[PDB]
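Undergrad: sharing an experimental structure here, sequence included.
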Amino acid sequence: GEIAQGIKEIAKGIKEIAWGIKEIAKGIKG
Amino acid sequence: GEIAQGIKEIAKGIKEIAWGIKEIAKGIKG
Amino acid sequence: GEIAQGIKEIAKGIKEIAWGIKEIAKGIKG
Amino acid sequence: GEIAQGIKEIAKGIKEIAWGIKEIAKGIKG
Amino acid sequence: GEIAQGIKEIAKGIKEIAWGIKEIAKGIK
Amino acid sequence: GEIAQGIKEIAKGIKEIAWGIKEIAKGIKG
Amino acid sequence: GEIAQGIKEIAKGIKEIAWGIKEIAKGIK
């Protein structure tokens, strides 16, 4: 259960990186 | 099943990062 | 236990990357 | 099989990130 | 034990990436 | 064996990201 | 053993990313 929870927290962090990269792409296009 | 679901969510986030990086590459090349 | 702890430490580092990427996006946006 | 498939999808997305990063390096060198 | 050690070495490297990214954000600012 | 192969494919893609990041560093330093 | 070896190769690649990101931060600075 602690392994499944760690993996889910990785997935959450990866989604937050994807959001940040999209914000960089928008900044560059500005 | 929760481990397989976490790994699939990581894969989804990584694909969204790939899309964002490609958008940055296109923005810079503009 | 050591595997679950290592995975949690990966998740912590990935969150720190997400914060850094957000700070880059803010810098680019001015 | 679902775990092996998720891991393979992570590998595919990571290779797509590598391609994008190489295109950023090309854009900067322009 | 070799798997746990490899995972811990990934964690260490990811933290060092985080520090570098923060330094980029400071450089841009 | 399918899990070991997926992990090795992730390792390959991570090395290709490392190469691209180094090419960015060289581009900027130019 | 093949799983432990793959994880160790990921750790090596992550450390090389960390080095590259540090070089970017130095370049911007």
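TA: Yes, it's here. Numbers count the residues shown, from 1 in each chain, chains lettered A, B, ... in the order given.
Undergrad: looks like residue A:15 contacts residue B:16 (just checking).
TA: Yes: with contact defined as Cβ atoms under 8 Å, residue A:15 counts as touching residue B:16 (7.2 Å). For the C-beta atoms, the positions are set from N, CA and C on the backbone; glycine is no exception.
Undergrad: helices of chain A, start to end?
TA: Using DSSP state H, the helices of chain A run over residues A:2-29.
Undergrad: what parts of it come near chain C?
TA: Residues of chain A lying near chain C by Cβ under 8 Å from any Cβ of the partner chain: A:2-3, A:5-7, A:9-10, A:12-14, A:16-17, A:19-21, A:23-24, A:26-28, A:30.
Undergrad: one more pass at 6 Å, please.
TA: Proximity of chain A to chain C (Cβ under 6 Å from any Cβ of the partner chain) is limited to residues A:2-3, A:6, A:9-10, A:13, A:16-17, A:20, A:23-24, A:27.
Undergrad: give me the buried entries from those.
TA: Neighbour-count burial (16 or more other Cβ atoms under 10 Å in any protein chain shown) is assigned, among these, to A:6, A:9-10, A:13, A:16-17, A:20, A:23-24, A:27.
Undergrad: could you find the closest non-adjacent residue to residue A:28?
TA: Leaving aside its chain neighbours, residue A:28 sits nearest to residue B:27 (3.7 Å; criterion: Cβ to Cβ, 6 or more residues apart in numbering or on different chains).
Undergrad: in contact with that neighbour, which residues?
TA: By Cβ atoms under 6 Å, 6 or more residues apart in numbering or on different chains, the residues touching residue B:27 are A:25, A:28-29.
Undergrad: buried members of these into PyMOL, please.
TA: In PyMOL, this line selects whichever of the contacts of residue B:27 come out buried by 16+ other Cβ under 10 Å:
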select buried, chain A and resi 25+28
